[PDB]
Structures are given as structure tokens and as C-alpha cells.
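The data below hold one chain only, encoded as C-alpha cells and taken in the form deposited in one PDB entry.
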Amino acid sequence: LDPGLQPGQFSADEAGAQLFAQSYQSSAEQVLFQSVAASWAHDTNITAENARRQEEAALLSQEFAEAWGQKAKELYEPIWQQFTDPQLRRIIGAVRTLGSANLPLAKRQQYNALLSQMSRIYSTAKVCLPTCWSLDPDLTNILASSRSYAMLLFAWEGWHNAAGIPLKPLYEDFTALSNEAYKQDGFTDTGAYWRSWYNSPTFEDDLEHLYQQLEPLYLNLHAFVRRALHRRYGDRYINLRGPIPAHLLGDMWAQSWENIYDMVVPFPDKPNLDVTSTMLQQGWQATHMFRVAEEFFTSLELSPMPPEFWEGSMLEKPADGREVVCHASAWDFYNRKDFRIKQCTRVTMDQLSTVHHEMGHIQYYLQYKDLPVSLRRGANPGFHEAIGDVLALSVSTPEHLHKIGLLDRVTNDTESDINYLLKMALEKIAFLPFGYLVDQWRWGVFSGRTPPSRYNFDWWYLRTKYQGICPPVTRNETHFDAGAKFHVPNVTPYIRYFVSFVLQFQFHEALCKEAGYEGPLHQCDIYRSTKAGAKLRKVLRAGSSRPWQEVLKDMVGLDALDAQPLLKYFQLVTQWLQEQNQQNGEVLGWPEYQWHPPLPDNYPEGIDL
């Protein structure tokens, strides 16, 4: 390790630890920069050479973590836990947690290479024909817009087989090394480490209690959408008492259903709330979508995006033949200057939402960039994922869309309310079972409850139990369908999105009240409210300097996750769906749990290109 980056000498007392922490932070800045820069060069240009460079930067990061953690142990291990300063307790407790730096050199190298290779496999996989299709944009476009049973099947099967099958042996090796690493920090397994970020003894029980409250809304949305699908695909491919085939819901993972709005919309002669065709008619591009998102942030007196953001970001998929990680992300270089998005932006209404999601992450980085590096994080990971989604709730209202020239016609009547709440339910309520189940699967893999011999059997148990879907072709343990979802090979934790989907409605309700808005919660738009801005700004500036339960209390009046704001927002549509399903004679749930659809005639030969 460079002489400049090694730990010096400090006294073995709380006062010494104060000096240790400040010195620790001043070094960490330079090591973080080199890591993030190498990661950017690879994720925007996947090559064997750029992987080698990123692995070399990762190794340096591990060498730094080891040197500083050992010093914390040497000086503090028997005393830091009784330190008078809560904040200090927080940094020393982190510094003595070595993670992958606990591995011996040869295994550290093995671990870093596995990360590179899993990322490559996912982001470069394609589906070839009898020139090959990428996930983004080509397969994503098919799953969103095709109403051909056989074309949808070709895309879902091609993707799952191409991405998932080769990942399995690498994912087994990654799991074992990750657990060996975190075990030496005193965690039972890696999942116990990930859950410890919420600092709550009752986390899994509290999540289980939230889901019991939300499940009836999901079951009612599921039954009404199954019926709408039946009226299009017919009795051969839809069983009104069984699971829905996993490729027909608008999305490769069936995780949100807004792309099948046209098939589900209750009252089709009210205003058309999907504005994608208007964006295309008006000639919107990626640069327009980013500028319009920026202007929502400045309307609240939050920060614009700096020159370095515009000069360095990647806002469209490269047209030069580079392979890239298309799944969107926001980057803090840890130098208080360089902040960037990398998104393969397409011109659609759901992508405008995604732009706001990413720009939320940037705004958090701008607001806490002056805190010590160890505290440049969200209050918990759910808070970081929620910020942009909250502003997108306001943007998507019919009233806001009118203000920005995306929806000419204005109506305020009960049918128009039901259309809007149903469209928002397809986006937010359909996701809840998926946002809950992903880390239940992964926690069972890290604990050993799910060995490699049961990866796919236990994935499909969960997908059917929670989402009420079935795979549309037969699967066995050579398939690794969890591996065909970004966050699994890219080692990104998922329970943050279930947390975020609950939190965002808590935050929206609080900001709408601070704005002085007095109408129905689902019609609030906080645009141009400088008072809502100031309240959100207090959250962002806090970083991880204070317990999330306290930050939440200051913001919304309660110190806990709470489903009541979500239920209040959806109340009218919750009642309407329950009455429609009863009048229609639906069965709620999927009692014919063994059912799978038949194959199309001639499959796969009878599809044009």
C-alpha cells in the first residue's frame, strides 16, 4: 500500500480513536475515487482489459481495508463498544468490519474475478434467431408491447436460458466465498450482514406484518388482471383458477404491470394516461427528459445538476459497438465534484419515471457531499431508493402532466380517478410480492437452507406463493432463473425496494401536508413548493449521521415503517376492485397451483422474424 495511505500512530483511548477516525477518513477519499473510476471505465465499456484494471483497483481497496481494520482491532477492540460518542461508535464499528478483506490473497483474487465474470455474463447475454437481441432495448420492448403469445414466449425463454444457465456455477462459488468473508466479522452468513444495516432486532417480523396488510390488495389486483388477460388470450393460455403465465404481464420478471394498462383500463373513453405516444409525437429525447426532471428539483429549491454531471454522464446506449451495463445507476466519485448517471434511456413514460429515480440518488449525493465519507450514505438503503420515486408520484398525476404539455384534456370525476389509481396500482401494488420475495430466496441461499440442488425449485416455490405466476415452459435444476434478474449476478440487495415502496407513500403524505395541499392524497402535486423542498432537504443533508428511525420521526411524525399512507392513497381503487371481483364471480388466489399453459402450435417455428 502506498506510504501515503497507511495508518500512523494514535493513543489507545476514546480521544485517540477520535484522531484515528479523522485520519481514516482523509485517506479513504483517495481509495474510493480510484475504485469508482475503474468501475466506471468497465461498466461503460466491458472488455477483458477493463475487468483486469477494475480487479487491480478492487485489490488495492481490500489492502486498505485490511490495514485500517487491523489498526482498529490493535488499538480499540476491547473498548470501542463503551465509547461515550454514539457517532464514533458507528465508524469504529464499520472499520473493524473487513468483509472481503478478511479473505487470503488468492481467494480475494478469486472473489474479485467472479464479480467481473458474473457482470459480463448478464450484461452481454443475447437471444439469437433462426443478428441477436439484447435485453435492453430489444427484449424489454417485446415484453412491453407484443401481444403475440409465441413471440413473448421466445423472448422470455431465450433470456432465462441465455443469462441464467451459465451463471449458476459462478454464483455457487461467490456464495461460499462471501460467507467465508463475513463469518470472520462474526456474522452467521452474508444475509445477516445485509439485514444488520436496518439496526432493528425485529426486522423480519416487521416486514412480515407489513406484507399481511398489503396482500389483500395484491390478490384483488391479480384476479381482475387475470380476467382481463383471459378475455384476450382465451381459455387455452389463461386458467381463471390458476397462476398467470410469467411472460404476459408487460415485463421480463412480471414485476410490474403498467405496460399492459391498455388491456386493463376500466373506462377507456376518459383521457389516455399513458403519455408515451405523445412524447414520441412531440420528439422528446433523453436530454429533454433529464432537463425536465432537473427543473422539478430546482422548483423545490433543491440543487441543479453541475457541469461535471452533463459532461461525464452516459444518457443513451452507445452506438459504436461497445458492450455496456445498461441497467441504470448513479455514481458518487467521493471527490465532492464528479457525479454521473449511466442509463440506456428510451423515450417512454416509465423511463421518465426511471430518470427521476436516478436523479433522486444524485440529489442525495449533492446534499451530503460535505459530511465525512463514512456518513455519505442513505439513512438506510430504502431511503436512497425512495427519493426520486416520491417526486415521480407528483409528476405522474393527470394535473402535472397537463402543466408540462403531455395531456391536453382535463377531467375530475370518479371514473377518471379509478383509471389513474388502477394505473398506479399496476406499477406499485403488483411489485410488492416481488420486492418481498427476492431476498427471502437469497437469504435462504446464504444461510444454507437452499443449497445449489434446490436453487430453481425454491425460486419457483416463492414466485408462485407470492406472485401467483407460473413459468410458461418446463424448468429443472440446470436452469437458474434467479440469475436472469440483474441484482443477483450484480450482488445488489433487494429488500430496500420493498422498504422503499412503503416509505415513498409515507414521504409523499408528509410533503403534501407541508406544502399546504388539502385535496385527495392521489391528486397532490408538490411542484414549486419551496416548503416541501426544505423538509426533504433536511433528510438528504443528514446522510447516515443519525439512526433512520429518528430521521423518519422528524420527517413524518412516526419512527417506523407504516402501510397506512399507501392504503389511504389507494383506498378508492381497493374498494372498487373488491366489488368488481365479487360481481364478476372471481376466485381470489390460484388453487390450481400445479397448472402450466400448453405450448403454441409449431413452437418455436411459426413466428415471423
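Here, rigid core means the biggest group of C-alpha atoms that superpose within 1.5 Å across both forms. Only residues modelled in both forms are compared. The numbering used is simple: start at 1 and walk along the sequence shown.
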* Asked: Do at least a third of the other entries of this protein fail to model residue 130?
  -> yes
As the entry stands, the deposited residues without coordinates between residue 130 and residue 131 add up to 4 to 9
With B-factors read from the PDB entry, the higher C-alpha mean of 199-207 and 456-464 is in 199-207
Per the PDB entry, mean CA B-factor is higher for 592-600 or 18-26, namely for 18-26
Note to self: of 215, 370, 439, 294, the C-alpha temperature factor tops out at 370
When the entry's CA B-factors for 39, 70, 581, 575 are compared, the highest one belongs to 70
So, residue 80's CA B-factor, relative to its chain, sits in which third? The highest
Chain thirds by Cα B factor, record data; residue 289 belongs to the lowest
In terms of its chain's C-alpha B-factors, the third that includes residue 528 is the middle
On the chain's distribution of Cα B-factors, residue 65 falls within the third called highest
Among the modelled residues of its chain, the C-alpha B-factor of residue 566 falls in the third labelled lowest
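Omitted from view is the form deposited in another entry, to which the following refers.
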Core-aligned between the shown form and the other one, the sole member of 277, 411, 530, 84 showing a Cα shift of 2 Å or more is 84
Superposed on the core, the stretches of at least three consecutive shared residues with every Cα displaced by 2 Å or more between the shown form and the other one, in sequence order, are 17-19, 81-89
